Amino acid sequence: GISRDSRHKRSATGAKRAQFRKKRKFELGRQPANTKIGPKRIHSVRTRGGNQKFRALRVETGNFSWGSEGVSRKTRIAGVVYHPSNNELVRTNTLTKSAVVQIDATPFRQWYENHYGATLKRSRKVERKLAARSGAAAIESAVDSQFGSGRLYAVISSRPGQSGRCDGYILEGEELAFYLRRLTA
Amino acid sequence: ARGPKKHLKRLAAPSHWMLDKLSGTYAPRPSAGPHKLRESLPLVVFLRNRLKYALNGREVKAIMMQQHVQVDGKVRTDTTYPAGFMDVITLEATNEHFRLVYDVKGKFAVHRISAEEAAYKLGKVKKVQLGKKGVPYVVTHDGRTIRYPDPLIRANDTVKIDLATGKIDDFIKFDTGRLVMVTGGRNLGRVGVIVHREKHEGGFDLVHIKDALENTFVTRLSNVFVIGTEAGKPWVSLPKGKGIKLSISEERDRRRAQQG
Amino acid sequence: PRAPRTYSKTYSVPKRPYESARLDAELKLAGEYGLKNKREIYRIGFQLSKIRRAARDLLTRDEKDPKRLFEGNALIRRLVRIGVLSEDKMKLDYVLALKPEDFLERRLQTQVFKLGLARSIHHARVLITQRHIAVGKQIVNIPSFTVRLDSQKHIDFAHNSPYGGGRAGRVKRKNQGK
RNA sequence: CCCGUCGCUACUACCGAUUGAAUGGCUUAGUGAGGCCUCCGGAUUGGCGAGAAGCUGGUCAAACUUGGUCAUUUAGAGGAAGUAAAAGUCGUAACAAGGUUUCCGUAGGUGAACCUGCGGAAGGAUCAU
RNA sequence: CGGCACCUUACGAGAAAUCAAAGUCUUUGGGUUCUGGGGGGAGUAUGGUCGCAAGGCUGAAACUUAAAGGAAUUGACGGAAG
RNA sequence: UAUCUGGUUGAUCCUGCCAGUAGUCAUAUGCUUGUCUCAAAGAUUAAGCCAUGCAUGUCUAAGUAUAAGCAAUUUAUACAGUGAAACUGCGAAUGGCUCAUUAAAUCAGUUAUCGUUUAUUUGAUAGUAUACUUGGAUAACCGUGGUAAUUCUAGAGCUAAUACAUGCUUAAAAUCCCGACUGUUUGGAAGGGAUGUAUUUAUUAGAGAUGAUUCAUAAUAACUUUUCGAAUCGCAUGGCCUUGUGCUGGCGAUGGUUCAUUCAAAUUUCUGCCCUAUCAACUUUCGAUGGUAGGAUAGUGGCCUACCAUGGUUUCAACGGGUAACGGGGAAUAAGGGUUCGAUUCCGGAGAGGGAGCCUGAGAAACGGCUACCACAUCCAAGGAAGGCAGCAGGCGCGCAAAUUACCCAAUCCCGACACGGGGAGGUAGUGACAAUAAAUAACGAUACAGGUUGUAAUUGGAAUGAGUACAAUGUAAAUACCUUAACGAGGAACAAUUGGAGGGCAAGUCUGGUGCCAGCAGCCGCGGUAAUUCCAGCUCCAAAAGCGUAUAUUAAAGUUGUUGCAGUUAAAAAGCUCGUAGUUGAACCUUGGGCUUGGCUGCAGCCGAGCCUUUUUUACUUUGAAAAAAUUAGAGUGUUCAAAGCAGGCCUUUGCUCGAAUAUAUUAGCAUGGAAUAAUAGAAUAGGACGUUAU
RNA sequence: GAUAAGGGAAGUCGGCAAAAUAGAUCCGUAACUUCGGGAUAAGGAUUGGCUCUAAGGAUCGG
Ligand SMILES: CC[C@H]1CN2CCc3cc(OC)c(OC)cc3[C@@H]2C[C@@H]1C[C@H]1NCCc2cc(O)c(OC)cc21
Ligand SMILES: [Mg+2]
Ligand SMILES: [Mg+2]
Ligand SMILES: [Mg+2]
Ligand SMILES: [Mg+2]
Ligand SMILES: [Mg+2]
Ligand SMILES: [Mg+2]
Ligand SMILES: [Mg+2]
Ligand SMILES: [Mg+2]
Ligand SMILES: [Mg+2]
Ligand SMILES: [Mg+2]
Ligand SMILES: [Mg+2]
Ligand SMILES: [Mg+2]
Ligand SMILES: [Mg+2]
Ligand SMILES: [Mg+2]
Ligand SMILES: [Mg+2]
Ligand SMILES: [Mg+2]
Ligand SMILES: [Mg+2]
Ligand SMILES: [Mg+2]
Ligand SMILES: [Mg+2]
Ligand SMILES: [Mg+2]
Ligand SMILES: [Mg+2]
Ligand SMILES: [Mg+2]
Ligand SMILES: [Mg+2]
Ligand SMILES: [Mg+2]
Ligand SMILES: [Mg+2]
Ligand SMILES: [Mg+2]
Ligand SMILES: [Mg+2]
Ligand SMILES: [Mg+2]
Ligand SMILES: [Mg+2]
Ligand SMILES: [Mg+2]
Ligand SMILES: [Mg+2]
Ligand SMILES: [Mg+2]
Ligand SMILES: [Mg+2]
Ligand SMILES: [Mg+2]
Ligand SMILES: [Mg+2]
Ligand SMILES: [Mg+2]
Ligand SMILES: [Mg+2]
Ligand SMILES: [Mg+2]
Ligand SMILES: [Mg+2]
Ligand SMILES: [Mg+2]
Ligand SMILES: [Mg+2]
Ligand SMILES: [Mg+2]
Ligand SMILES: [Mg+2]
Ligand SMILES: [Mg+2]
Ligand SMILES: [Mg+2]
Ligand SMILES: [Mg+2]
Ligand SMILES: [Mg+2]
Ligand SMILES: [Mg+2]
Ligand SMILES: [Mg+2]
Ligand SMILES: [Mg+2]
Ligand SMILES: [Mg+2]
Ligand SMILES: [Mg+2]
Ligand SMILES: [Mg+2]
Ligand SMILES: [Mg+2]
Ligand SMILES: [Mg+2]
Ligand SMILES: [Mg+2]
Ligand SMILES: [Mg+2]
Ligand SMILES: [Mg+2]
Ligand SMILES: [Mg+2]
Ligand SMILES: [Mg+2]
Ligand SMILES: [Mg+2]
Ligand SMILES: [Mg+2]
C-alpha cells in the first residue's frame, strides 16, 4: 500500500532507480485521520511492535492550557479558523496539529473569576486572598477582548491522528498578534 | 529477513570456542542472556568441549536437567546459556567452582576457584543513571541492575557483587595505577596497570597499560576492565600465566625447558 | 553444509615434457632408488622447491629478524630431525643447497635396503608393501615413509612376520602341510 | 613475376518495394479485479451495547485494449560486393628507364587492367658541372 | 649569439640502410599530446555529423588467410651505363 | 626454472603473427581402470513444466479431562494414575534452495541512532486514596444432515479455563487547591476534592550523565470510548493460640508495568564497482533540489500533502545502453608488476510461475499463509472445487553438460507446554575416474651362458603377499565399508595396463608388408605420383601411467597491451599546420652549522636515540597503534602406519596428571599517532598588519 | 429533407451521394525536407450549473 521507502524516487543526480525489491511491511504508511468536529469517534490502529495508535475521526472537546496562568482545562472546540498548511482544512474544519481553533472560554473565565474575583459573597479571608492575588490579575488586551465573544484563540499542539487528542494552548503575546494579523489580513 | 536467526553455522561461531570444523554443520547458538553472543560461552561448550564431562549434547542436557549447573549462584537449565566474563559456574556435586576469566591466549580459561572466592564477582560499570522515582542505579557489563549504588561510583569503575544478595560490597574507581584485564581486541587477556588515559571527544578513549614485565600496550577503554586496586593485588584469582604475554620464541623456549 | 575439507597436490610436472637430460637424470634416480614412476621424483622436487622458497623468503629478511629466527630455526630443526640436513649445516644457507637425493636417502625403502634387511632396493619395496617391516612396534607398509633420526635404530622385521619370528606364510604352510 | 574486367562453383555479410514479419521490456490514454481505510447500513443477539451482508468516498493498484518507444531475431523479387576454388577467355597495368619512370591528391574518360589534365613526392633512372 | 645546411668519426644507437640524433634506452623513469598491435575484408557496411555537390570526419563485423612486410647479400635478368 | 622452439628466404638479419609447450577449485567427451583415504555433483541451456511420497510440529508435578478410553482401588464423593479428541499457549518469519532481478543498487571496510521498534533471555521495578473469589458463551462430545467431489461444514443439546468480558480488598503521614465559619493586620479553620502507574498537552527544576541535548529524573494544571498495581497452577504442609475450617506461611509454574540488558530490525556517514560517447547533457507535467507547516510511520527524511523559491548532477564522464553482472570472504595462474574467474560448503542481499494487495503476529508485504488479476494446470455427476518442487528424492523437457522416488534422528544443532515429541535441517549408505592423498601388477637364489670380485640375458627351485573370498569381532541407530583376523586364495603368478606417439618442433625406426597425389595423415612446417623414417598394418622403440588423449575457455609463455615494460624514418603507426579549455606537468630560495652531557646496541671505533647551550592555516606523504569473522593462504607444534588431512595429543598405564588449539598477511577508505625532507596551500602592501602578559 | 436492426463498399467505371470529424484548453506528434516546413500530422484527455478561492491595476496621502 502506502510506502515510505526512498527507492521509488530518483537520485539527487536525477537518475531513475531500478526496482530493487518488493514493498516491505516495515516501510508502510496509512491514511490520514482527517479529524472533524462532532460527537467523539476514535478508532484504534495496531502499529509495529503490537503498540496502539488512535485515529481521532471526530472530537468535540480538548485539553487547552493558559500558559501564563499555568492552568489547563477541558473545553469544547468551536471550529478551525486558521491552518498554516492548507486553507482547505480551515474550510472543512479538519483538526490537525498547529491548527488555529476557537475554544469555549467559559471554563477559563470561571477559573479566572473564582481565582481573582474580577470579570473580563466572600469571607474576609477569601477577600484578602483575592487582594493578594490582585495586581497579577491584569491580562493582555487582545486576550481580554475575546472573552466578550466567549471564545478564545488556541493552537492545536497534539497530533489527533496519532494520539486521538485535540489539545492545545491559548494564543498569547506576539504569537497571538501574529495570527490576529493573519486572520484579519 | 522476516525475523531473528535461530541457527549458528559451525564456521561462523566465535573462534575462541575452539570448535572443530568437521564435527557438524552447526554450532551452539548462545541464548539471549547477560552476555553478548560473540563474547559468551554456552554451557554446552563449557561442559562438553572444555571439561569433557559430557560426551555429546544429549549428555550435557542430561547433566543440566538434574539441577547440577549453577551460573552466578542460580540454577540454569538452558544448555546454551551465555556464560561470560567473570561469571561463576558452580557444580557442587563435583564440588567445583569455576570463574570465566580470559587467559592470555584469548580464550576462556578453565579456572578453578575456591568456594570463598566463588561467593562474589566483579562487574564493570557501563552506566550510572536515575530510575523511576529518582532512584539511581548501575548497569554492569553482565546486564545486572543494582539500585542505590555508592554515589561515588561512575562508569568504567568496578563493583564487587555479593552474588548471593546482588548487592555491592565495595568498588574500585577507574584511575591511573589500577590493575586491569583487557576484554577485547588483540590484547585480550593481558593484565597490567593503567599508565595514561588518552581522551578523544567524539571518538574512542585509549588506555596505555604496562605489563608486570614492563611491556606497554594500548587498548580501547571499552576493552579495559579494572580488576585490582594496584599491581599485584587483584580482586579475583588470575588464571595461570597472570596475563603476561610471551612472544612465540619465548613460548617455545619455555616449552623446551618445561618438557626437557 | 559442512565445512570443506582441505586437500592439495603433492607434485608438479615439468614444463617441457621431452628433454633427454632430465629424462636420463630421472631414470637414473628412479633406478637407484627403486621408484615406481616419475611422479615420485616430481613429489620430491615439489616439496624441495617449496622448502627452498620458504628459506629464500626468510633469507631476504635481516638476520636477527624475529620471523627469520623463528621460522628459520623451525625449518632447520625439521630437516635435521628427518636427517636431510646435517648437524653441522644448520644455517638456512645449506637448506638452499639441499638436493632431492638427500630426501630419497631418508625413505623407508632406502633405509630398509641400507640396513641389510633386503637384498636390493626393489626387495625393500616389496618387503615394505607386504607388511614385513615395522618401525618401533608399528607396522609401516608405506615405502615413502620418511625415517626420522630417532626411528633409524628401530627399523626391523615385524614380530609376527615370517621373517621376524611369526608363523610360516601361506605358501610354506601349504607346502609343509601336504 | 604479375594486374583487372569477363565465365563456372561454393560461402559470408550488405542494400532493397513489401506503411514486411516474429519475440521481450517500458510507457500515454481508456477500462479496471481485489485488499485496506472511511461512510452509512443494521440479518440477529446480549441486556443501551456487540454486530454480518451490503453502501459512499478515497487509497494501493494487478490486468487488458490502443498508441508511442526501446531491444532482439527474421523473410524478400531484384541490385551490388567480398572471399575461396581453378588457373578458363581478353589484354599486358606493375616489377628493368617494364619499353610512356613510378607513386599521391583531385577531376574527367574508358571492355578490363588503365589513360589523360593540374599540383605534388623520390620511395628515381640525377646526392654532382 | 641565433638560423639553413654540410663534412669527418662512431663514444653511442640500430635489423640494417643509416643516424650529432634515429645518442645519453634491461645500467630500462626530464615534461607532455597523438598514433599502432599479423595480412586481407576495408577506410568498406551501418549510424551520426559537416558539405550545394564531389565528398570530408567518425567507423565496424561476418568471413577469409600463413604469411604479408622491412633492410641487406649472392646470383640471374634489363628495350640501363662503362 | 625470472627458459622458450618450428614456419616467410637461394641464403641472411629483422618486424610480426600462426603453430608448438605447461597449469586450471575447468567443463565436456573418448579409451582404460586392481586397492585405501577424501569427495564435488541439473549452476551454465529453460527463475522452464511437474505425477507421487515426504520436508513443522509441539505437554510438564505445575492452563483446560465426566473420552460413554485404558488401569487400580486409594491419603480421597469435586478432582488425583496414564491418557486419545478438542480449547488455550508457543513455533511455523528458523532452516533448506536458487541467483532471475539488481551497476552507487547490492556488497566490503568504516560510522550513527541525541532518529526508532524490539517477542524472547537476563537484572531491577508496582501498599495509592460479591473477596471464603463475578458473569455467559464455545469447542471437543451425543445425534440429525447436505454435496459427485476438499484438511467443507450446518441446525439442535451439553460443558471448562492462564480462552473471553468485568471487578474489590491496605500502612503511616504529608502536600496542594476550593473553602462555610473565624481571628480581625492577615493568622486559625469545619467541610469538599487530588495524589501509584500509563496517555496527551502546557508550564517549571535540571545551577546525575554526555563531546554535546528541549537527556535521565522530578514538579505544577488538567486530559483519556482508562493501560495495569495476579478472580491462575503444582508440590509440601509448618507456626501462634483467642482451638475458630481462626490468624498466619515454604519451595516453585505461569503472568504483569516500566527501565535496563540480550537476540534482532530499520534507516544511516565516508570511500570503493566491468564494457560503452555509433550515449553529452540529464532531472524538474504528474517531486526534480531546498524552505515552512502538517499528515503518515516504530521513528528521521519530498516518505506524502499544501504553499513558496529555482534549484540538483555532469568531460574528475553525469544520463542512457550492454552485461552470456547477485556482492564479498575467496579461486586459477603466477620472478615482480599483472591477467582471468567467483551460480556454488561462510557472510550480506533477493526470490519462491509473473505482478499486486493484505491477515495474524514481537517479527512477513510470508507464498510447504490468504485475496485478486495474468500465464499454466488438476478433479467434476457441468452445479462447482482445489493448485505452486529456485526444499528432499523422482519425472519430462532442454541440452555438450550433472546421482537414490534408499535408512535414521545415533551425531551437529534447532523448535515446542518439553529430560520424553518432531526435524529430506542434518547425518548414513547408493550412483559417482569432478578434483585430491597414499599406493599393487612382482621379489630372491642355483645352473647355463656372455660379460667385465658382480648387471642382465634363459630354465629350475623354494619362499612372500594382498586383490578376491570368509568365519568372528569391531565399526554402526541398524547396516555397508574401513582397521583387525581363523580357513582359503599366484607361474603364462590368463590375478595378462592403458592412452598416445616414433620427419622436425619433440623422446623414440630411414625396419617388413600393403597402397600409389588414391586412401588417408598432418595443431604448424609438411607426407602420399611403385625402396613412404609421416597413410593402413606387423615388429620394435619412446612418453606419462591407473591413468592417458581430444574439444572449448582461461592463465603463463606475451616486453604480442608494455605503470614496472613495447613500438611509431623505411616493417603497423607523428594529427597538413598553428591556437586553445579541461587534464597532466612546471627554475631557484626561508635553521644550517658548532659545543657539552647522556641512554641503548654491534665488534677503541661504528649505529640509533635523548637533553641543554649557541639571537632558537589547510593538506598530500610516511611511521606507529587501536579496531579489524571463520574457512581459504603462509606458517609453529603434533609419527593421521606415510601422505592429503585433522586439531589433535603425551605421560608405567594411572579411580588421574598433564603441553596445546600458535603466529603472520589483509589494505584502498575511516580513526588515533610520531616525523617535517619532498610537493602543494595561507599570511603584513591604499597596511583594515603584530604585540602591550598588569598600557590608558 | 429525415431516420433505420445486423453487416459495413459485398453496391458502382469509380465511395458518386451521404455519413463520420469539427470550437476551445491541455497533452502528444513520424517519414521526408529546399531547414523555411510537413503540422491542426497522426493520436489522446477535458468542457454544464452552482458556491467559493487566488492572481493580474489606477489616482491621491511623507
Ligand atoms: C413553412 C416553411 C417550411 C415548411 N417546412 C415544413 C417541414 C419541412 C421538413 C423538411 O425536412 C424535414 C424540409 O426539407 C427541406 C422542408 C420542410 C418545409 C420547408 C419550408 C421552408 C423552405 N421552403 C423551401 C425552400 C426555403 C428557402 C428559404 O430561404 C427559406 O427561408 C425562410 C425556407 C425554405
Ligand atoms: Mg532464510
Ligand atoms: Mg558515542
Ligand atoms: Mg538496447
Ligand atoms: Mg607493361
Ligand atoms: Mg611503365
Ligand atoms: Mg607500349
Ligand atoms: Mg603503358
Ligand atoms: Mg585522351
Ligand atoms: Mg596528351
Ligand atoms: Mg652524418
Ligand atoms: Mg640530420
Ligand atoms: Mg591487423
Ligand atoms: Mg616475404
Ligand atoms: Mg538451472
Ligand atoms: Mg545445486
Ligand atoms: Mg546464469
Ligand atoms: Mg521453476
Ligand atoms: Mg539460470
Ligand atoms: Mg534472465
Ligand atoms: Mg522462541
Ligand atoms: Mg516534518
Ligand atoms: Mg519539508
Ligand atoms: Mg556511469
Ligand atoms: Mg543474472
Ligand atoms: Mg578460478
Ligand atoms: Mg562474485
Ligand atoms: Mg562474478
Ligand atoms: Mg558468489
Ligand atoms: Mg563457495
Ligand atoms: Mg546464502
Ligand atoms: Mg521474502
Ligand atoms: Mg520453488
Ligand atoms: Mg504468483
Ligand atoms: Mg518459506
Ligand atoms: Mg508472496
Ligand atoms: Mg514448495
Ligand atoms: Mg529437487
Ligand atoms: Mg533450479
Ligand atoms: Mg591387471
Ligand atoms: Mg598414428
Ligand atoms: Mg629426436
Ligand atoms: Mg616399406
Ligand atoms: Mg612400396
Ligand atoms: Mg608405423
Ligand atoms: Mg588427437
Ligand atoms: Mg596471456
Ligand atoms: Mg611490438
Ligand atoms: Mg610501404
Ligand atoms: Mg609505414
Ligand atoms: Mg609533421
Ligand atoms: Mg601551442
Ligand atoms: Mg605539479
Ligand atoms: Mg622546485
Ligand atoms: Mg443499418
Ligand atoms: Mg446500428
Ligand atoms: Mg467496420
Ligand atoms: Mg466499392
Ligand atoms: Mg467492388
Ligand atoms: Mg460488382
Ligand atoms: Mg472495376
Ligand atoms: Mg462527396
Ligand atoms: Mg489533431
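Every chain is numbered from 1 and lettered A, B, ... according to where its sequence line falls, protein lines coming before strand lines.
Across all strands shown, A/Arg7 has heavy atoms under 4.0 Å from sugar-phosphate atoms exclusively, and none from any base. In this structure, B/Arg154 reaches the sugar-phosphate backbone alone: every heavy-atom distance under 4.0 Å involves primed, P, OP1 or OP2 atoms, never a base. Backbone-only contact: B/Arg186 has heavy atoms under 4.0 Å from sugar-phosphate atoms and none from a base. Among the atoms of the strands shown, only primed sugar atoms or phosphate atoms (P, OP1, OP2) are found under 4.0 Å from some heavy atom of A/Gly168. Within 4.0 Å of A/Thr61, counting heavy atoms only, lies no atom of the nucleic acid at all.
Each of B/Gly3 and A/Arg73 has a nearest nucleotide on RNA chain F; the 5'-most of these lies closest to B/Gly3. Each of C/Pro4 and B/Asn56 was assigned the nucleotide of RNA chain F with the nearest heavy atom; the assignment lying further toward the 5' end belongs to C/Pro4.
Using Watson-Crick or G-U wobble geometry with both donor-acceptor distances under 3.5 Å, F/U305 finds its partner in F/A293. In this entry F/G383 has no Watson-Crick or G-U wobble partner, no candidate having both defining distances under 3.5 Å.
Between the P atom of D/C37 and the CZ atom of A/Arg58 lies a distance of 17 Å, rounded to the nearest Å. Taking atom CD of residue A/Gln31 and atom P of nucleotide D/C60, one finds them 8 Å apart after rounding to whole Å. The interatomic distance linking A/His43 (NE2) with D/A50 (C1') rounds to 14 Å, in whole Å. In this structure, the CZ atom of A/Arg41 is 9 Å from the P atom of D/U38, given to the nearest Å.
Residues in residues 137-147 of chain C take part in no side chain to side chain donor-acceptor pair (under 3.5 Å) pair, two or more places apart or across chains. Applying the salt bridge (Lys or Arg N to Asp or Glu O under 4.0 Å) test to residues at least two apart or on different chains, the pairs with a partner in residues 2-29 of chain B are B/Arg10-B/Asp20.
By the rule that a glycosidic angle within 90° of 0 means syn, F/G229 counts as syn. Glycosidic conformation of F/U248: anti, with the torsion beyond 90° of 0.
Annotated groove for A/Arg165 is the minor groove, based on a side chain to base atom distance under 5.0 Å.
A salt bridge between A/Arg91 and A/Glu88 is present, with a side-chain N of the basic residue lying under 4.0 Å from a carboxylate O of the acidic one.
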Q: Give the intermediate values and the outcome of salt bridge (charged side-chain N to carboxylate O under 4.0 Å, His left out) for residues C/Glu26 and C/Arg22.
A: CA-CA 6 Å; C/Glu26 286 165 3; C/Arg22 185 188 47 80; 3.0 Å; yes
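Once you apply a 4.0 Å limit to the heavy atoms of chain B, the touched nucleotides of RNA chain F run 5' to 3' over F/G91 to F/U673.
The side-chain tip of C/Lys9 points at the ring of C/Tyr11 from less than 6.0 angstrom away and within 45° of straight on.
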